[PDB]
Number of protein chains: 2
Amino acid sequence: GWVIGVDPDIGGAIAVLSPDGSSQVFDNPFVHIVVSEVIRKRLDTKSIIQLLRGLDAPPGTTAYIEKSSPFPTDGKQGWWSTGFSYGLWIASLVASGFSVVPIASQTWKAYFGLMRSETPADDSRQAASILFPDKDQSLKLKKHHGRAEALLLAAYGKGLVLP
Amino acid sequence: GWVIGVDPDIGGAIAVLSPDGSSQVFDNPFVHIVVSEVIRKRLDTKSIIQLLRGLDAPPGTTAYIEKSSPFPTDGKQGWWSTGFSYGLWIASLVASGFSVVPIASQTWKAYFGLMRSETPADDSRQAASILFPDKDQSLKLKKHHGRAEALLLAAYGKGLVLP
DNA sequence: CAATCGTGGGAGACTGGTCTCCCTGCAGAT
DNA sequence: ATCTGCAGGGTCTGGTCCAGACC
DNA sequence: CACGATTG
Ligand SMILES: [Mn+2]
Ligand SMILES: [Mn+2]
Ligand SMILES: [Mn+2]
Ligand SMILES: [Mn+2]
């Protein structure tokens, strides 16, 4: 009963669920780098691999990762970034011994009843708070939706249900 | 002593230069996958990590990889792929214990005097044929320019010079 | 299979149709 | 530090920005 | 560079 969930974007997170029901969630490590004479956030490859190497989850644990699906109206830098983040995470997960299962955002949203909300990020945090009450304090900021998404991905993969 | 050169695109390659002067070059592994009801080529994450595991190059060996730099006129799918291929390779290389150094294409081209050619692919293969004569049969086809690019990147890292 | 060409493009889940979904990169306000 | 709003965008290297190059 | 063709 080990499951990993990964929201791969720059404000994303990785959640780890263990057989005893406990949970962990880590913000995606990033660094500030210079691109075309401005500052950009990019995921921190070496920190991600060290994080994955430090997990207690055994080899073969399944990691559910949100499928990249940039909108056609998103700009070309958005497409590059979502592609880059996805490839960095997939390779790090495979290299660390995990079985990687891409999941569409539509799949886990429909599973928890979060399709077509007016406030989708607030709702994600509320749903994750109910599934993981001991994470309640770690979900109270609006910027914490990435943590919520990672936890709901993992919850999906484990088959948890809302009460 | 040991140097790795990576041309990360879908027709790219990885070259490995041993201290005894011998060289190897491998085509980037890929699979065919379905995206939006059409077939696409995508780099094969599992094969890439197995290839890196099988190399004799010791940990800490430097891997030179061409920096991603898509043109603004390239479409958003081009930006996504070059982003994805770059992230996949960088994470694979770090996870396998290699030290990663991104090199702009302008840098290794100017170093071998290949700037501003009317036939840049052909010239790359000729330059790599001269630097690595035992790879001459592996460079006869025009689609082998990715092999040439990987070898030239590695040659740049090693400080080799054309005669 | 290997080469060449022209243009720059969503993708996904539930016999095609339909409808839903992610961001990045800046800026400014507090 | 945190939130919100709007539009969708190159980046790099050699030599105080410019110029010219590249996938 | 990708992508989706077409040409021997
Ligand atoms: Mn997400
Ligand atoms: Mn997210
Ligand atoms: Mn290249
Ligand atoms: Mn290439």
Side-chain angles (χ1 to χ4, degrees), chain A residues 7-12 28 30 32-43 65-86 102-111 114-117 119-122 124 140-146 149 153, chain B residues 7-12 28 30 32-43 65-86 102-111 113-117 120-122 124 140-146 149 153:
Chain A
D7 190 50
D9 61 78
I10 203 75
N28 285 352
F30 64 86
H32 292 94
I33 77 164
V34 174
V35 184
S36 264
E37 293 185 330
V38 298
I39 293 299
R40 308 264 176 87
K41 289 198 169 181
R42 298 270 177 267
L43 292 169
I65 177 157
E66 194 175 70
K67 271 172 183 174
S68 107
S69 247
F71 287 15
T73 46
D74 297 348
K76 62 197 73 176
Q77 292 168 329
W79 282 66
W80 189 93
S81 268
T82 70
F84 174 81
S85 294
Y86 194 59
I103 299 291
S105 79
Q106 295 96 326
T107 297
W108 66 264
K109 275 170 192 273
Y111 173 87
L114 308 161
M115 290 280 212
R116 278 305 305 280
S117 164
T119 55
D122 293 339
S124 279
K140 58 192 176 81
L141 287 183
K142 284 170 182 287
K143 61 184 288 239
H144 289 160
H145 68 89
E149 289 161 333
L153 245 359
Chain B
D7 187 44
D9 63 73
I10 211 61
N28 286 352
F30 65 89
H32 295 93
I33 72 167
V34 174
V35 180
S36 262
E37 287 174 338
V38 304
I39 296 295
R40 303 274 173 82
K41 281 187 180 181
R42 297 260 180 272
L43 291 170
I65 182 162
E66 199 176 71
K67 293 185 189 185
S68 92
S69 219
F71 287 9
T73 52
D74 293 345
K76 64 200 69 160
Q77 285 166 340
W79 283 65
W80 188 95
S81 279
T82 72
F84 173 82
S85 299
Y86 192 60
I103 298 296
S105 70
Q106 297 93 326
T107 302
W108 67 261
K109 285 193 185 229
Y111 175 87
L114 306 162
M115 293 286 217
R116 304 183 61 193
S117 165
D122 285 351
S124 278
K140 326 150 71 173
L141 299 180
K142 286 171 186 179
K143 69 170 178 171
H144 294 155
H145 66 90
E149 277 148 6
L153 273 156

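In what follows, chains are A, B, ... by sequence order, proteins preceding strands, each numbered from 1.
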If pairing requires Watson-Crick or G-U wobble contacts with both distances under 3.5 Å, which nucleotide is the partner of [N]?
| N | value |
| --- | --- |
| C:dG9 | none |
| D:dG5 | C:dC26 |
| D:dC18 | D:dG14 |
| C:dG16 | none |

Inset, instruction - Map A:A110 and A:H145 onto DNA chain C by nearest heavy atom, then report which one ends up closer to the 5' terminus. - result: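 Result: A:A110.
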Legend entry - Residue whose closest nucleotide on DNA chain C lies nearer the 5' end, B:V34 versus B:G75: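 Per heavy-atom nearest nucleotide, the more 5' residue is B:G75.
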Legend entry - Side chain A:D74 and base C:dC22 donor-acceptor under 3.5 Å: yes
Inset, instruction - Indicate, yes or no, whether a donor-acceptor pair under 3.5 Å links the base of C:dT24 to the side chain of A:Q77. - result: no
Legend entry - Span that lies between the P atom of E:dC1 and that of C:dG12, in whole angstrom: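 C:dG12 and E:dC1 have their P atoms separated by 25 Å.
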Legend entry - Integer angstrom distance from the P of C:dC14 to that of C:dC22: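 Straight-line distance between the two P atoms is 16 Å.
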Inset, instruction - First locate atom CZ of B:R42, then atom OG of B:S81, and finally report the distance between them rounded to the nearest 0.5 Å. - result: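 B:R42 atom CZ to B:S81 atom OG measures 4.0 Å (nearest 0.5 Å).
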Legend entry - Straight-line distance of B:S124 OG to B:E149 CD, nearest 0.5 Å: 5.0 Å
Legend entry - A:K109 side-chain proximity, nearest of C:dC21, D:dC12, C:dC23: C:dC21
Inset, instruction - Can you figure out which of C:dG9, C:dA3, D:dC22 approaches the side chain of B:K142 most closely? - result: C:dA3
Legend entry - Side chain B:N28, main chain B:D9, donor-acceptor under 3.5 Å: yes
Verify whether the stacking test passes for [N] and [M], with limits of 5.5 Å on the ring-centre separation and 30° on the angle between planes.
| N | M | result |
| --- | --- | --- |
| C:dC21 | C:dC22 | no |
| D:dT16 | D:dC17 | no |
| C:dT15 | C:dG16 | no |
| D:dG14 | D:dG15 | yes |

How would you label the contact of [X] with the nucleic acid (heavy atoms, under 4.0 Å): base, sugar-phosphate, or nothing?
| X | answer |
| --- | --- |
| A:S81 | sugar-phosphate |
| B:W79 | sugar-phosphate |
| B:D7 | nothing |
| A:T73 | base |

Inset, instruction - Answer yes or no as to whether D:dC23 has its base stacked against B:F71, where stacking requires a ring-centre separation under 5.5 angstrom and planes under 30 degrees apart. - result: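 Yes, B:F71 stacks on the base of D:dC23, since the ring centres sit under 5.5 Å apart and the planes are within 30°.
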Inset, instruction - Sort out for me which groove B:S36 pokes its side chain into, counting contacts under 5.0 angstrom to paired-base groove atoms. - result: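 Major groove, where atoms such as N7 or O6 lie under 5.0 Å from the side chain.
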Inset, instruction - Determine: side-chain N/O of A:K76 to OP1/OP2 of D:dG10, distance under 4.0 Å, yes or no. - result: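 The answer is yes; a side-chain N or O of A:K76 sits under 4.0 Å from OP1 or OP2.
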Inset, instruction - Classify the angle between the aromatic ring planes of B:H32 and B:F30 as parallel (below 30°), tilted (30 to 60°) or perpendicular (above 60°). - result: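 Rings of B:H32 and B:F30: perpendicular, over 60°.
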Inset, instruction - Step by step, work out the side chain to side chain contact (heavy atoms under 4.5 Å, CB included) result for B:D74 and A:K76. - result: CA-CA 9 Å; B:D74 293 345; A:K76 62 197 73 176; over 6 Å; no
Inset, instruction - Salt-bridge test for B:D122 and B:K142: reply yes if a basic N is under 4.0 Å from a carboxylate O, no otherwise. - result: no
